[PDB]
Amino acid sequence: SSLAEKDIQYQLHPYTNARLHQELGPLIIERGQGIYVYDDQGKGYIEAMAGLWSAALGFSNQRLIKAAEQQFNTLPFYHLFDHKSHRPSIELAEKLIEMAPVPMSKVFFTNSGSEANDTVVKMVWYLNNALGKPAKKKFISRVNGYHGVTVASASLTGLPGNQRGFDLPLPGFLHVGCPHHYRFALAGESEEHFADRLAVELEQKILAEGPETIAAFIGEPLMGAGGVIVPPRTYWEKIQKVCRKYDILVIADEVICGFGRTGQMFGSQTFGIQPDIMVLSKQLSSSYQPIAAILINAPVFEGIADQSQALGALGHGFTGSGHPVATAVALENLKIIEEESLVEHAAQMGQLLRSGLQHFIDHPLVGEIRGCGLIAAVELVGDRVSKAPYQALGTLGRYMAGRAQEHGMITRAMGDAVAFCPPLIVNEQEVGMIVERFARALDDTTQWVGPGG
């Protein structure tokens, strides 16, 4: 049996057509260094997605590898249950709280973003029970938001591909509009007026459901998996005013935006969000270890703490919560981002990326170029006036991602948008190569379509 045949025989792949997988088999990645990964045929690819929006320090950071080794040789596993603790969880929790963009009280650790959002749902239910508000339990999120894949976090998620066939969302998980001007604004509507309508939609939803029943609003500062969607100017200001009016918690899902992706340390800084709760993962450890973190502010902690006393202990925890190797690696990761000034470097590299893409702004298949900091997307269309796809929605995106791979670059299609989320350590020449490989994929796609006109 080849390694590819064993993969087909034995693995059910996430986010894969399992039948198509049996026909095509895997693309096997063997090794990585810097921004590059290599398949088992020796072909090199720029990982323009940093794997899953996540590998901040690239694929061969020796400081993270040595930090793991040092913690393995000290204490390779322990837990935080029943007052037990360990230095790496303590020092990471200190660093996260002290770097938070708003006053935060406590950190709770999980393995995944999905577990973290699932945990926030439980914590908000627990909190509102503690405060004697037992009706105050519904969550509001957005169409095309991504918050993970547990039964509860896939209910916060607003992407239909995460819900169809899974009987989701659960009751009590509500969705308001995707704040994407290009796709959902009225013809000739300003960003500010689009923001007004989205804030009216949220308030009308709160009033229709009964304000006393709405616990929390959750949003990525800018939406990652849903299309690299930058919210319209004044959106977050106007949404937060509605939330504060009805005593609704604001949860910033920073799993992608966290640690320098958007031009500042946090998306909450870039977009002027004052969240009660923040969720962090992915770049937290450059994904070298599975870890996520929840930051809760004083009011959330105090109500949870009170009830944990009344009921004996907080009845919640994962075996891996605060895992000493995962926390040790994340701690070293955050030190490197600070010591190497990678927030500012990412901002400078993002200006080069966006300038490079904008040479194609009048291309007949380029509908929108969006992003900020070191996250971007190009949304392709078959027709710029109607914004209609070429053939089925997703055709151009899939074709572009296929061509990008052939030209030695891994991007991700989100319908007809192709994403860019390179490692923060990407250098100026490397940004040049990412845009060159985009241009080659676009040329191939243009020849395949034949736009004429």
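Numbers for residues come from their place in the sequence shown, where the first is 1.
When 16-24 is weighed against 430-438, 16-24 comes out higher, by mean CA B-factor as recorded in the entry. Relative to its counterpart among 227-235 and 112-120, 227-235 has the higher mean temperature factor, C-alpha atoms as listed in the PDB entry.
In this structure the maximum Cα B-factor among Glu94, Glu344, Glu368, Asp253 is found at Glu344.
Across the residues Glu220, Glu212, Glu379, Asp362, the deposited record lists the maximum Cα B factor for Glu212.
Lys84: CA B factor lies in the lowest third for its chain, per the PDB record. Placement of the Cα temperature factor of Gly158 within the chain: middle third of the modelled residues, per the deposited record. Ranked within its chain, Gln405 lands in the middle third, by CA B factor from the PDB record. Among the modelled residues of its chain, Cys257 has a C-alpha B-factor that falls in the lowest third, as given in the PDB entry. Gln283: CA B factor in the lowest third of modelled residues in this chain (values from the PDB entry).
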